[PDB]
């Protein structure tokens, strides 16, 4: 078992009767799709994912099931209560006991609701799949379907999970491992303390609240320009902007937590699994600096995180002295969700996140793309984050974007002029 999987494994031993870290998506395809080919496509995709065959012993020993995950298919086009019938079974799986010992970690269900309506349900435990893995699974499903439909030879399959283990093993014994430890050690030393997880925090008592604000299109164009002008992508740009925002909105929070996919330059880029790593970014001050210099310098600080990003935060926790019963309070946290839902010839795809872990602290999420629609979701777990502050963020963050777009207007949309003004 990988260090990154241990915390999930422990949470499970600590609250067995409940599925705290599940990942489930539903795909709704509307269109003249070829049922049979989709089923083959799904069966093919799943075969390529070695980790979906993972199983754990009572002692946490990971071992491998020899068969690929079953694909439960049902033609419901016959019944009038087709949809409700499909959703009862989907909820059934969501409400399953979700044990981990000697059991299948994933589930795959397909429903033909009508000749032009299909419902695909995919579920896994966070211990064998993260967000990026999920989309990889979706794109692959897409790829196999297109190949089957167009009668072409499909492109290459996911590399075996074993190739990733080997790569990870080599990294753990490499000098880079030590340069990384070195780097996080210095980063935190010359910095304000990180917040630990409360001793009285019960993961199951989570109580999530949320609000979504759709960013104005004019802001998206600016977002891009701003990104370009600083030789950074819009996701990294939003992380910078978000940190700038927190300068006023929550000055006492010196840290902004980020998820580094840990797929960059690695075979993991072709191996669905668990690799995401949570890292803390020390927000730069807005005092005595231009917005332009703020974005550029934040981007570098962020980049620096990615370069030493393969070093596990769990490991950092140990390096910093926390004991086994401790963990960092990764809040505030930012997530950028840029990936499109998987495509299928002559169909519309409606993707729905049915499960995705547990909310802790406050979370800022950006789903979509400045090229189309980009929304901001402000989610807080009232059991570990004050409701009023959450209230405040839902009113202040959106305004923050309204201003930026304004300061731009009142400067005749001159990218260089806006980057010219002070960060504050």
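Numbering follows the first chain given and starts at 1.
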Comparing 379-387 with 356-364, the one whose average Cα B-factor in the PDB entry is higher: 356-364
Of 191-199 and 267-275, the one with larger mean CA B-factor: 191-199
From 127, 76, 227, 241, residue of greatest CA B-factor: 227
347, 258, 324, 282, ranked by C-alpha B-factor: the highest one: 324
Lowest, middle or highest third - CA B-factor, residue 81: highest
Residue 12 - which third its CA temperature factor falls in, relative to the rest of the chain: middle
Residue 140 - Cα temperature factor, lowest/middle/highest third of chain: lowest
Ranked against its chain, the third holding the CA B-factor of residue 115: highest
Cα B factor band for residue 46 (lowest, middle or highest third within the chain): lowest
